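For reference, the structure discussed in these notes is given below.
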Protein chains: 4
Amino acid sequence: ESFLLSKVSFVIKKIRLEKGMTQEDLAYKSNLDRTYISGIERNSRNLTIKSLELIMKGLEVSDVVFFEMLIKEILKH
Amino acid sequence: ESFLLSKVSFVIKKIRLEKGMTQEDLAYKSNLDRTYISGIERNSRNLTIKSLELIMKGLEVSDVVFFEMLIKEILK
Amino acid sequence: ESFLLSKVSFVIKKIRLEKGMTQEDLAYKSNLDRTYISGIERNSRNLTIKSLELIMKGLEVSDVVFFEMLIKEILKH
Amino acid sequence: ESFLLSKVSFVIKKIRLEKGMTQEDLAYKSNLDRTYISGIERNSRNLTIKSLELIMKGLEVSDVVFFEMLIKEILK
DNA sequence: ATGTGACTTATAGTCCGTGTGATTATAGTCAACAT
DNA sequence: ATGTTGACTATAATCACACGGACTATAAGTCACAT
């Protein structure tokens, strides 16, 4: 569907695994539904900047380093 | 409101201006509503990635250039 | 399958709803997985007395009270 | 160990005796292993409902009578 | 008769994830009128 | 030109649940040898 979305959803998962988190921890720490974290990674889903922020806080990661990894993923072949 | 959401909006407005675009024209170029655009720039909207993407295409700016800028703006 | 199991299964759910609990709450307080609580109610799984005991403690109900409702459900038409 | 588990077992042993059965015979009647039964009666086993059901069949006691008894036993 | 121990094998119970209908909050989109 | 106020309607986001596969702990079932 959307170019950027699958990149965002890819990076959320990448970080989540890097930090040895599971989906449902992240769902807690991000103060969003269990199934939403799944749905974001699983398919992609069209999240909101506010929701993205919540997830970033949950990944225990800064806006900045998130976007830095986002850029790197976009740039790949 | 949100810090990120504010910086996003600021960035959208910044790029629109360094390109000498009007809102009217930013909305024409991305096929969204001008009041919608207005709203974002006065930070009254919490856009989705999809929408953000349409706005980048309307600004004629790559995702990467946008985020490069968004990062810099984020750091005061 | 087993006669007693689906009865035990039924009564666990009945109580759980009577107390306005959700599976999530229950598996919570029973310190079992929410998958297992679902599994039990769903497909009448074959639990252990120890696990049943945990569920009773989770339902905030006593041995006695449970077995009294168990007897009732068995007796029904 | 568990409180319930001990009284299940106690009950199983109680009924086997009130009937005059040996373990050997409770095992035969319920098509289970004798050492299996001995284990339960010394309370070294944590039955599943299914197993309990087989032991009730062997004792020839309905679920209801078993639980009526277990309750009474439970209340000291 | 019953009670051990110790040793496989079935399965109970765990852990992480997928996929889904139904409801609620809210973004997406477009009016009217402002300046 | 841009701002703001309501609106309607799509959909983001929530909530309670089912379902699967893979792995770990342990109950199920059977030996040998006590007594």
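Each chain of the structure tokens is named A, B, ... in the order shown, its residues numbered from 1; ligands are numbered from 1 in display order.
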
Would you tabulate, counting only C-alpha atoms (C1' of nucleotides), all residues of chain D that have an atom at most 9 Å from an atom of segment 19-31 of chain F, showing the closest pair of atoms and their distance in Å to one decimal, sorted by chain then ascending number, as a tab-separated table?
residue	atom	partner	partner_atom	distance
D:32	CA	F:29	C1'	8.0
D:33	CA	F:29	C1'	6.9
D:36	CA	F:29	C1'	7.9
D:45	CA	F:27	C1'	7.8
D:46	CA	F:27	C1'	7.2
D:47	CA	F:27	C1'	7.2
D:48	CA	F:27	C1'	7.9

Those same residues - C-alpha atoms - I'd like them written as a short mmCIF file (atom, residue, chain, number, x, y, z; two decimals), in the first residue's frame.
data_model
loop_
_atom_site.label_atom_id
_atom_site.label_comp_id
_atom_site.auth_asym_id
_atom_site.auth_seq_id
_atom_site.Cartn_x
_atom_site.Cartn_y
_atom_site.Cartn_z
CA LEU D 32 -5.12 -47.56 35.37
CA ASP D 33 -1.75 -48.54 36.85
CA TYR D 36 -0.23 -44.84 39.66
CA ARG D 45 0.33 -37.13 41.98
CA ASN D 46 -1.45 -34.12 40.62
CA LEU D 47 -4.29 -35.61 38.61
CA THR D 48 -5.98 -34.16 35.65
#

Query raised in the report: What residues in chain E lie within 9 Å of chain D, counting only C-alpha atoms (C1' of nucleotides), written as a PyMOL selection string?
Result: chain E and resi 1-3+12

Could you turn the residues from that selection into a file that holds N, CA, C and O atoms (P, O5', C5', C4', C3', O3' and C1' of nucleotides), as a PDB file, in the first residue's frame?
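The resulting selection20.pdb:
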ATOM      1  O5'  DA E   1      -4.292 -58.521  46.809  1.00  0.00           O
ATOM      2  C5'  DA E   1      -3.826 -57.163  46.747  1.00  0.00           C
ATOM      3  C4'  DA E   1      -3.399 -56.662  48.119  1.00  0.00           C
ATOM      4  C3'  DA E   1      -2.789 -55.269  48.130  1.00  0.00           C
ATOM      5  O3'  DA E   1      -3.743 -54.341  48.591  1.00  0.00           O
ATOM      6  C1'  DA E   1      -1.270 -56.840  49.077  1.00  0.00           C
ATOM      7  P    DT E   2      -3.657 -52.815  48.118  1.00  0.00           P
ATOM      8  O5'  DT E   2      -2.272 -52.317  48.664  1.00  0.00           O
ATOM      9  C5'  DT E   2      -2.164 -51.918  49.988  1.00  0.00           C
ATOM     10  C4'  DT E   2      -0.761 -51.479  50.244  1.00  0.00           C
ATOM     11  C3'  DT E   2      -0.410 -50.131  49.609  1.00  0.00           C
ATOM     12  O3'  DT E   2       0.120 -49.256  50.583  1.00  0.00           O
ATOM     13  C1'  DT E   2       1.193 -51.783  49.061  1.00  0.00           C
ATOM     14  P    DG E   3       0.571 -47.777  50.165  1.00  0.00           P
ATOM     15  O5'  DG E   3       2.113 -47.940  49.848  1.00  0.00           O
ATOM     16  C5'  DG E   3       2.951 -48.569  50.789  1.00  0.00           C
ATOM     17  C4'  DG E   3       4.399 -48.228  50.514  1.00  0.00           C
ATOM     18  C3'  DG E   3       4.624 -46.852  49.912  1.00  0.00           C
ATOM     19  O3'  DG E   3       5.832 -46.332  50.398  1.00  0.00           O
ATOM     20  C1'  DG E   3       5.386 -48.497  48.400  1.00  0.00           C
ATOM     21  P    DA E  12      -3.475 -33.157  28.235  1.00  0.00           P
ATOM     22  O5'  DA E  12      -3.232 -32.227  29.491  1.00  0.00           O
ATOM     23  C5'  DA E  12      -2.661 -32.776  30.642  1.00  0.00           C
ATOM     24  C4'  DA E  12      -1.784 -31.773  31.355  1.00  0.00           C
ATOM     25  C3'  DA E  12      -2.334 -30.357  31.448  1.00  0.00           C
ATOM     26  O3'  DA E  12      -1.938 -29.795  32.672  1.00  0.00           O
ATOM     27  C1'  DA E  12      -0.301 -30.319  30.299  1.00  0.00           C
TER      28       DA E  12
END

Query - Counting only C-alpha atoms, chain D residues within 8 Å of chain C, as an NGL selection string - result: :D and (2 or 4-5 or 46-50 or 53 or 63-64 or 67-68 or 71 or 74)

Residues of the last selection are to be written out with N, CA and C atoms, as a PDB file, in the first residue's frame.
ATOM      1  N   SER D   2      -0.432 -29.336  47.592  1.00  0.00           N
ATOM      2  CA  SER D   2      -1.674 -28.567  47.576  1.00  0.00           C
ATOM      3  C   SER D   2      -2.714 -29.083  48.550  1.00  0.00           C
ATOM      4  N   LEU D   4      -6.116 -28.927  48.238  1.00  0.00           N
ATOM      5  CA  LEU D   4      -7.133 -29.622  47.471  1.00  0.00           C
ATOM      6  C   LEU D   4      -6.668 -31.013  47.067  1.00  0.00           C
ATOM      7  N   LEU D   5      -5.463 -31.066  46.523  1.00  0.00           N
ATOM      8  CA  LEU D   5      -4.889 -32.306  46.057  1.00  0.00           C
ATOM      9  C   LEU D   5      -4.878 -33.384  47.134  1.00  0.00           C
ATOM     10  N   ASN D  46      -0.666 -35.297  40.893  1.00  0.00           N
ATOM     11  CA  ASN D  46      -1.445 -34.117  40.615  1.00  0.00           C
ATOM     12  C   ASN D  46      -2.312 -34.463  39.412  1.00  0.00           C
ATOM     13  N   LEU D  47      -3.429 -35.128  39.672  1.00  0.00           N
ATOM     14  CA  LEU D  47      -4.286 -35.610  38.608  1.00  0.00           C
ATOM     15  C   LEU D  47      -4.786 -34.522  37.703  1.00  0.00           C
ATOM     16  N   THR D  48      -5.120 -34.932  36.498  1.00  0.00           N
ATOM     17  CA  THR D  48      -5.981 -34.159  35.645  1.00  0.00           C
ATOM     18  C   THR D  48      -7.410 -34.594  35.904  1.00  0.00           C
ATOM     19  N   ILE D  49      -8.351 -33.744  35.532  1.00  0.00           N
ATOM     20  CA  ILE D  49      -9.746 -34.064  35.629  1.00  0.00           C
ATOM     21  C   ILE D  49     -10.021 -35.405  34.949  1.00  0.00           C
ATOM     22  N   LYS D  50      -9.419 -35.650  33.796  1.00  0.00           N
ATOM     23  CA  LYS D  50      -9.738 -36.874  33.071  1.00  0.00           C
ATOM     24  C   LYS D  50      -9.431 -38.071  33.929  1.00  0.00           C
ATOM     25  N   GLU D  53     -11.683 -38.718  36.650  1.00  0.00           N
ATOM     26  CA  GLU D  53     -12.934 -39.237  36.117  1.00  0.00           C
ATOM     27  C   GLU D  53     -12.880 -40.747  35.975  1.00  0.00           C
ATOM     28  N   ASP D  63     -19.901 -38.373  39.702  1.00  0.00           N
ATOM     29  CA  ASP D  63     -19.164 -37.152  39.904  1.00  0.00           C
ATOM     30  C   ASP D  63     -19.761 -36.449  41.091  1.00  0.00           C
ATOM     31  N   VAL D  64     -21.082 -36.374  41.106  1.00  0.00           N
ATOM     32  CA  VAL D  64     -21.769 -35.656  42.169  1.00  0.00           C
ATOM     33  C   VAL D  64     -21.484 -36.208  43.555  1.00  0.00           C
ATOM     34  N   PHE D  67     -18.037 -35.254  44.583  1.00  0.00           N
ATOM     35  CA  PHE D  67     -17.819 -33.876  44.962  1.00  0.00           C
ATOM     36  C   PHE D  67     -18.561 -33.510  46.222  1.00  0.00           C
ATOM     37  N   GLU D  68     -19.719 -34.114  46.442  1.00  0.00           N
ATOM     38  CA  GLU D  68     -20.419 -33.923  47.701  1.00  0.00           C
ATOM     39  C   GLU D  68     -19.480 -34.336  48.824  1.00  0.00           C
ATOM     40  N   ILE D  71     -16.271 -31.974  49.266  1.00  0.00           N
ATOM     41  CA  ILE D  71     -16.675 -30.779  49.994  1.00  0.00           C
ATOM     42  C   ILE D  71     -16.716 -31.018  51.487  1.00  0.00           C
ATOM     43  N   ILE D  74     -13.447 -31.360  52.916  1.00  0.00           N
ATOM     44  CA  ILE D  74     -12.698 -30.115  52.821  1.00  0.00           C
ATOM     45  C   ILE D  74     -12.904 -29.257  54.078  1.00  0.00           C
TER      46      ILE D  74
END

Enumerate, in order of chain and increasing residue number, the residues of chain E with an atom no farther than 10 Å from chain A, each with its shortest atom pair and distance in Å to one decimal, counting only C-alpha atoms (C1' of nucleotides), as JSON lines.
{"residue": "E:16", "atom": "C1'", "partner": "A:22", "partner_atom": "CA", "distance": 7.2}
{"residue": "E:17", "atom": "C1'", "partner": "A:38", "partner_atom": "CA", "distance": 8.0}
{"residue": "E:18", "atom": "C1'", "partner": "A:42", "partner_atom": "CA", "distance": 7.9}
{"residue": "E:19", "atom": "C1'", "partner": "A:39", "partner_atom": "CA", "distance": 9.1}
{"residue": "E:27", "atom": "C1'", "partner": "A:48", "partner_atom": "CA", "distance": 8.6}

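Nearest to residue 1 of chain F of all the residues B:17, B:25, B:57, B:9 is B:25, based on only C-alpha atoms (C1' of nucleotides).
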
Got a sec to align chain C on chain A by every in-order Cα pair and hand back the fitted coordinates as a JSON list (two decimals) with N, CA and C atoms, in the first residue's frame?
[["chain", "number", "residue", "atom", "x", "y", "z"],
["C", 1, "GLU", "N", 0.18, -0.84, -1.13],
["C", 1, "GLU", "CA", -0.20, 0.14, -0.12],
["C", 1, "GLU", "C", 0.78, 1.33, -0.09],
["C", 2, "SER", "N", 1.33, 1.63, 1.09],
["C", 2, "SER", "CA", 2.17, 2.81, 1.28],
["C", 2, "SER", "C", 3.63, 2.50, 1.53],
["C", 3, "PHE", "N", 4.49, 3.22, 0.81],
["C", 3, "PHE", "CA", 5.93, 3.07, 0.92],
["C", 3, "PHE", "C", 6.44, 3.31, 2.33],
["C", 4, "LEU", "N", 6.10, 4.46, 2.90],
["C", 4, "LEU", "CA", 6.69, 4.88, 4.16],
["C", 4, "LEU", "C", 6.25, 4.00, 5.32],
["C", 5, "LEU", "N", 5.03, 3.50, 5.22],
["C", 5, "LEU", "CA", 4.40, 2.72, 6.26],
["C", 5, "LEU", "C", 5.11, 1.41, 6.55],
["C", 6, "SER", "N", 5.37, 0.65, 5.50],
["C", 6, "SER", "CA", 6.01, -0.63, 5.70],
["C", 6, "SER", "C", 7.43, -0.42, 6.21],
["C", 7, "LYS", "N", 8.03, 0.71, 5.84],
["C", 7, "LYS", "CA", 9.32, 1.08, 6.41],
["C", 7, "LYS", "C", 9.17, 1.40, 7.90],
["C", 8, "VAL", "N", 8.20, 2.24, 8.24],
["C", 8, "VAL", "CA", 7.94, 2.51, 9.64],
["C", 8, "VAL", "C", 7.62, 1.22, 10.39],
["C", 9, "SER", "N", 6.72, 0.42, 9.82],
["C", 9, "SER", "CA", 6.44, -0.92, 10.31],
["C", 9, "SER", "C", 7.69, -1.74, 10.56],
["C", 10, "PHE", "N", 8.55, -1.85, 9.55],
["C", 10, "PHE", "CA", 9.75, -2.67, 9.67],
["C", 10, "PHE", "C", 10.64, -2.21, 10.82],
["C", 11, "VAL", "N", 10.83, -0.90, 10.94],
["C", 11, "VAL", "CA", 11.76, -0.34, 11.92],
["C", 11, "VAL", "C", 11.28, -0.51, 13.35],
["C", 12, "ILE", "N", 9.97, -0.44, 13.54],
["C", 12, "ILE", "CA", 9.38, -0.68, 14.85],
["C", 12, "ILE", "C", 9.68, -2.11, 15.32],
["C", 13, "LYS", "N", 9.47, -3.08, 14.45],
["C", 13, "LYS", "CA", 9.80, -4.46, 14.77],
["C", 13, "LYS", "C", 11.29, -4.62, 14.99],
["C", 14, "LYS", "N", 12.10, -4.12, 14.06],
["C", 14, "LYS", "CA", 13.54, -4.30, 14.15],
["C", 14, "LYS", "C", 14.06, -3.90, 15.52],
["C", 15, "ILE", "N", 13.79, -2.66, 15.89],
["C", 15, "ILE", "CA", 14.16, -2.14, 17.19],
["C", 15, "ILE", "C", 13.65, -3.02, 18.30],
["C", 16, "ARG", "N", 12.37, -3.39, 18.22],
["C", 16, "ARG", "CA", 11.75, -4.16, 19.29],
["C", 16, "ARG", "C", 12.52, -5.44, 19.57],
["C", 17, "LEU", "N", 12.97, -6.11, 18.51],
["C", 17, "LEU", "CA", 13.72, -7.36, 18.67],
["C", 17, "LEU", "C", 15.14, -7.07, 19.08],
["C", 18, "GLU", "N", 15.72, -6.02, 18.53],
["C", 18, "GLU", "CA", 17.05, -5.62, 18.97],
["C", 18, "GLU", "C", 17.09, -5.43, 20.49],
["C", 19, "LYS", "N", 15.98, -4.98, 21.07],
["C", 19, "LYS", "CA", 15.94, -4.73, 22.51],
["C", 19, "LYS", "C", 15.38, -5.92, 23.28],
["C", 20, "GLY", "N", 15.25, -7.06, 22.61],
["C", 20, "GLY", "CA", 14.77, -8.27, 23.25],
["C", 20, "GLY", "C", 13.38, -8.13, 23.84],
["C", 21, "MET", "N", 12.60, -7.20, 23.31],
["C", 21, "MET", "CA", 11.23, -7.02, 23.77],
["C", 21, "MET", "C", 10.32, -7.98, 23.05],
["C", 22, "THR", "N", 9.13, -8.13, 23.59],
["C", 22, "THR", "CA", 8.12, -8.91, 22.92],
["C", 22, "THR", "C", 7.04, -7.92, 22.58],
["C", 23, "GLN", "N", 6.11, -8.30, 21.73],
["C", 23, "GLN", "CA", 4.99, -7.42, 21.45],
["C", 23, "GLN", "C", 4.27, -7.07, 22.73],
["C", 24, "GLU", "N", 4.21, -8.02, 23.65],
["C", 24, "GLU", "CA", 3.45, -7.83, 24.87],
["C", 24, "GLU", "C", 4.09, -6.72, 25.70],
["C", 25, "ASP", "N", 5.40, -6.83, 25.94],
["C", 25, "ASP", "CA", 6.15, -5.75, 26.57],
["C", 25, "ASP", "C", 5.92, -4.42, 25.86],
["C", 26, "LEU", "N", 6.03, -4.42, 24.54],
["C", 26, "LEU", "CA", 5.95, -3.17, 23.83],
["C", 26, "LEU", "C", 4.58, -2.55, 24.02],
["C", 27, "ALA", "N", 3.54, -3.23, 23.61],
["C", 27, "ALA", "CA", 2.21, -2.69, 23.76],
["C", 27, "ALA", "C", 1.97, -2.28, 25.18],
["C", 28, "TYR", "N", 2.79, -2.82, 26.06],
["C", 28, "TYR", "CA", 2.71, -2.55, 27.45],
["C", 28, "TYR", "C", 3.12, -1.14, 27.61],
["C", 29, "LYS", "N", 4.40, -0.90, 27.44],
["C", 29, "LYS", "CA", 4.99, 0.40, 27.63],
["C", 29, "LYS", "C", 4.54, 1.49, 26.69],
["C", 30, "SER", "N", 3.90, 1.15, 25.59],
["C", 30, "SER", "CA", 3.39, 2.15, 24.70],
["C", 30, "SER", "C", 1.97, 2.47, 25.05],
["C", 31, "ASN", "N", 1.48, 1.89, 26.13],
["C", 31, "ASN", "CA", 0.05, 1.93, 26.43],
["C", 31, "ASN", "C", -0.86, 1.92, 25.17],
["C", 32, "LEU", "N", -0.57, 0.98, 24.28],
["C", 32, "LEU", "CA", -1.51, 0.58, 23.23],
["C", 32, "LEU", "C", -1.85, -0.90, 23.42],
["C", 33, "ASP", "N", -2.91, -1.36, 22.76],
["C", 33, "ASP", "CA", -3.26, -2.79, 22.79],
["C", 33, "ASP", "C", -2.21, -3.69, 22.13],
["C", 34, "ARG", "N", -2.06, -4.94, 22.58],
["C", 34, "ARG", "CA", -1.05, -5.81, 21.94],
["C", 34, "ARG", "C", -1.55, -6.18, 20.57],
["C", 35, "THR", "N", -2.87, -6.16, 20.40],
["C", 35, "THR", "CA", -3.43, -6.26, 19.07],
["C", 35, "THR", "C", -2.92, -5.17, 18.13],
["C", 36, "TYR", "N", -2.76, -3.94, 18.62],
["C", 36, "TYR", "CA", -2.36, -2.88, 17.70],
["C", 36, "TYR", "C", -0.89, -3.00, 17.30],
["C", 37, "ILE", "N", -0.02, -3.27, 18.26],
["C", 37, "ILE", "CA", 1.39, -3.53, 17.95],
["C", 37, "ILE", "C", 1.50, -4.64, 16.91],
["C", 38, "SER", "N", 0.74, -5.72, 17.11],
["C", 38, "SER", "CA", 0.74, -6.80, 16.14],
["C", 38, "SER", "C", 0.27, -6.28, 14.80],
["C", 39, "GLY", "N", -0.84, -5.56, 14.83],
["C", 39, "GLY", "CA", -1.44, -5.02, 13.63],
["C", 39, "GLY", "C", -0.44, -4.20, 12.84],
["C", 40, "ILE", "N", 0.27, -3.31, 13.52],
["C", 40, "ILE", "CA", 1.29, -2.50, 12.89],
["C", 40, "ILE", "C", 2.37, -3.34, 12.22],
["C", 41, "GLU", "N", 3.00, -4.23, 12.96],
["C", 41, "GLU", "CA", 4.11, -5.00, 12.39],
["C", 41, "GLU", "C", 3.64, -5.89, 11.26],
["C", 42, "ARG", "N", 2.44, -6.44, 11.44],
["C", 42, "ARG", "CA", 1.85, -7.44, 10.54],
["C", 42, "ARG", "C", 1.49, -6.90, 9.17],
["C", 43, "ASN", "N", 0.59, -5.93, 9.19],
["C", 43, "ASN", "CA", -0.05, -5.42, 8.00],
["C", 43, "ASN", "C", 0.22, -3.93, 7.87],
["C", 44, "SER", "N", 1.43, -3.54, 8.23],
["C", 44, "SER", "CA", 1.88, -2.14, 8.17],
["C", 44, "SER", "C", 0.87, -1.02, 8.43],
["C", 45, "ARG", "N", 0.00, -1.17, 9.43],
["C", 45, "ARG", "CA", -1.12, -0.22, 9.62],
["C", 45, "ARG", "C", -0.75, 1.26, 9.64],
["C", 46, "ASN", "N", -1.75, 2.10, 9.38],
["C", 46, "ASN", "CA", -1.53, 3.53, 9.16],
["C", 46, "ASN", "C", -1.65, 4.32, 10.44],
["C", 47, "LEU", "N", -0.58, 4.35, 11.22],
["C", 47, "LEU", "CA", -0.65, 5.03, 12.49],
["C", 47, "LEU", "C", -0.44, 6.53, 12.38],
["C", 48, "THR", "N", -0.89, 7.15, 13.44],
["C", 48, "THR", "CA", -0.85, 8.54, 13.69],
["C", 48, "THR", "C", 0.51, 8.93, 14.29],
["C", 49, "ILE", "N", 0.95, 10.18, 14.10],
["C", 49, "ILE", "CA", 2.24, 10.59, 14.65],
["C", 49, "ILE", "C", 2.20, 10.41, 16.17],
["C", 50, "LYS", "N", 1.08, 10.76, 16.81],
["C", 50, "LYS", "CA", 0.97, 10.59, 18.25],
["C", 50, "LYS", "C", 1.16, 9.15, 18.66],
["C", 51, "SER", "N", 0.62, 8.22, 17.88],
["C", 51, "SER", "CA", 0.74, 6.82, 18.22],
["C", 51, "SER", "C", 2.17, 6.38, 17.99],
["C", 52, "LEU", "N", 2.76, 6.83, 16.89],
["C", 52, "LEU", "CA", 4.16, 6.55, 16.64],
["C", 52, "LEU", "C", 5.02, 7.06, 17.80],
["C", 53, "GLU", "N", 4.69, 8.24, 18.31],
["C", 53, "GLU", "CA", 5.45, 8.80, 19.41],
["C", 53, "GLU", "C", 5.37, 7.91, 20.66],
["C", 54, "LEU", "N", 4.18, 7.39, 20.92],
["C", 54, "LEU", "CA", 4.01, 6.51, 22.05],
["C", 54, "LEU", "C", 4.86, 5.26, 21.90],
["C", 55, "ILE", "N", 4.95, 4.77, 20.68],
["C", 55, "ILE", "CA", 5.69, 3.56, 20.41],
["C", 55, "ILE", "C", 7.16, 3.82, 20.58],
["C", 56, "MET", "N", 7.61, 5.00, 20.18],
["C", 56, "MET", "CA", 9.00, 5.34, 20.37],
["C", 56, "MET", "C", 9.33, 5.33, 21.86],
["C", 57, "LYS", "N", 8.47, 5.96, 22.65],
["C", 57, "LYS", "CA", 8.66, 5.99, 24.08],
["C", 57, "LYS", "C", 8.62, 4.57, 24.64],
["C", 58, "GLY", "N", 7.79, 3.73, 24.03],
["C", 58, "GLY", "CA", 7.71, 2.34, 24.44],
["C", 58, "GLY", "C", 8.98, 1.57, 24.13],
["C", 59, "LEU", "N", 9.56, 1.81, 22.96],
["C", 59, "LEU", "CA", 10.79, 1.15, 22.53],
["C", 59, "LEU", "C", 11.98, 1.65, 23.31],
["C", 60, "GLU", "N", 11.72, 2.56, 24.26],
["C", 60, "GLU", "CA", 12.77, 3.26, 24.99],
["C", 60, "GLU", "C", 13.82, 3.77, 24.00],
["C", 61, "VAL", "N", 13.35, 4.54, 23.02],
["C", 61, "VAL", "CA", 14.21, 5.12, 21.99],
["C", 61, "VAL", "C", 13.79, 6.60, 21.72],
["C", 62, "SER", "N", 14.69, 7.44, 21.22],
["C", 62, "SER", "CA", 14.28, 8.84, 20.99],
["C", 62, "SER", "C", 13.75, 9.09, 19.59],
["C", 63, "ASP", "N", 12.95, 10.16, 19.45],
["C", 63, "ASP", "CA", 12.55, 10.70, 18.15],
["C", 63, "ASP", "C", 13.65, 10.54, 17.13],
["C", 64, "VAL", "N", 14.74, 11.24, 17.42],
["C", 64, "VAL", "CA", 15.93, 11.25, 16.60],
["C", 64, "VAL", "C", 16.40, 9.86, 16.21],
["C", 65, "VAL", "N", 16.75, 9.04, 17.19],
["C", 65, "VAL", "CA", 17.27, 7.70, 16.92],
["C", 65, "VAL", "C", 16.34, 6.91, 16.01],
["C", 66, "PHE", "N", 15.04, 7.07, 16.20],
["C", 66, "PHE", "CA", 14.09, 6.32, 15.40],
["C", 66, "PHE", "C", 14.21, 6.78, 13.96],
["C", 67, "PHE", "N", 14.12, 8.07, 13.77],
["C", 67, "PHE", "CA", 14.13, 8.63, 12.44],
["C", 67, "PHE", "C", 15.47, 8.35, 11.74],
["C", 68, "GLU", "N", 16.54, 8.22, 12.51],
["C", 68, "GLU", "CA", 17.82, 7.91, 11.90],
["C", 68, "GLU", "C", 17.84, 6.48, 11.38],
["C", 69, "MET", "N", 17.15, 5.58, 12.06],
["C", 69, "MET", "CA", 17.06, 4.21, 11.58],
["C", 69, "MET", "C", 16.02, 4.11, 10.47],
["C", 70, "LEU", "N", 15.01, 4.96, 10.55],
["C", 70, "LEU", "CA", 14.02, 5.06, 9.49],
["C", 70, "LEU", "C", 14.72, 5.43, 8.19],
["C", 71, "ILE", "N", 15.57, 6.45, 8.25],
["C", 71, "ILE", "CA", 16.28, 6.87, 7.06],
["C", 71, "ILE", "C", 17.12, 5.72, 6.52],
["C", 72, "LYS", "N", 17.84, 5.04, 7.40],
["C", 72, "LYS", "CA", 18.62, 3.88, 6.98],
["C", 72, "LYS", "C", 17.77, 2.82, 6.27],
["C", 73, "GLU", "N", 16.65, 2.41, 6.85],
["C", 73, "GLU", "CA", 15.85, 1.36, 6.22],
["C", 73, "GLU", "C", 15.32, 1.78, 4.86],
["C", 74, "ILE", "N", 14.91, 3.04, 4.73],
["C", 74, "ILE", "CA", 14.46, 3.57, 3.43],
["C", 74, "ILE", "C", 15.57, 3.45, 2.37],
["C", 75, "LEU", "N", 16.79, 3.77, 2.76],
["C", 75, "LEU", "CA", 17.92, 3.76, 1.86],
["C", 75, "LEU", "C", 18.48, 2.40, 1.45],
["C", 76, "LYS", "N", 17.75, 1.30, 1.63],
["C", 76, "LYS", "CA", 18.49, 0.05, 1.55],
["C", 76, "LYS", "C", 18.27, -0.80, 0.31],
["C", 77, "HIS", "N", 19.31, -1.56, -0.02],
["C", 77, "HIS", "CA", 19.28, -2.57, -1.06],
["C", 77, "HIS", "C", 20.37, -3.60, -0.79]]

As a compact mmCIF listing (two decimals) with N, CA and C atoms (P, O5', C5', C4', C3', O3' and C1' of nucleotides), in the first residue's frame, could you give me every residue of chain F near chain B (at most 9 Å apart, counting only C-alpha atoms (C1' of nucleotides))?
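Output below, filename iface.txt:
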# COMPACT_ATOMS: atom_id res chain seq x y z
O5' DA F 1 -3.50 32.91 -3.42
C5' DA F 1 -3.43 32.15 -2.21
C4' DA F 1 -3.05 33.03 -1.04
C3' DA F 1 -3.22 32.39 0.32
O3' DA F 1 -1.99 31.91 0.76
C1' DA F 1 -4.42 34.43 0.24
P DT F 2 -1.94 30.68 1.78
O5' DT F 2 -2.65 31.23 3.07
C5' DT F 2 -1.92 31.98 3.97
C4' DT F 2 -2.77 32.28 5.16
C3' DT F 2 -3.00 31.08 6.09
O3' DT F 2 -2.81 31.46 7.44
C1' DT F 2 -5.05 32.02 5.41
P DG F 3 -3.13 30.42 8.62
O5' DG F 3 -4.63 30.77 9.02
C5' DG F 3 -4.96 32.11 9.32
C4' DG F 3 -6.16 32.17 10.25
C3' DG F 3 -6.27 31.02 11.25
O3' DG F 3 -6.88 31.51 12.42
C1' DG F 3 -8.13 30.98 9.78
P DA F 12 -6.65 3.99 8.97
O5' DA F 12 -6.00 4.40 10.36
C5' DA F 12 -5.88 5.76 10.68
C4' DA F 12 -6.05 6.02 12.16
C3' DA F 12 -5.20 5.16 13.09
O3' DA F 12 -4.78 5.95 14.18
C1' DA F 12 -7.45 4.84 13.61

Query raised in the report: So which residues touch segment 31-34 of chain E within 10 Å, counting only C-alpha atoms (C1' of nucleotides), skipping near sequence neighbours fewer than 4 positions away, as a PyMOL selection string?
Result: chain F and resi 2-8

Requested in this report: Can you check which residues of chain C DSSP gives as alpha helix (DSSP H) on the backbone and send them as a ChimeraX atom specification?
Outcome: /C:3-18,23-29,34-43,49-58,63-74

**Report entry** Atomic separation - atom CA of residue 59 of chain D relative to atom CA of residue 30 of chain D, Å
**Finding:**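 Atom CA of residue 30 of chain D sits 7.5 Å away from atom CA of residue 59 of chain D.
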
Query raised in the report: Near chain A, which residues of chain F fall within 12 Å when you count only C-alpha atoms (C1' of nucleotides), and what do they look like as number ranges by chain?
Result: F: 11-17

Report task. May I have the residues within 10 Å of residue 12 of chain D as a list in words, using only C-alpha atoms (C1' of nucleotides) and disregarding those fewer than 6 positions away in the same chain? Result ->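 In the requested form, the answer reads residues 6, 26, 37, 40, 41, 52, 55, 56, 59, 66, 69 and 70 of chain D.
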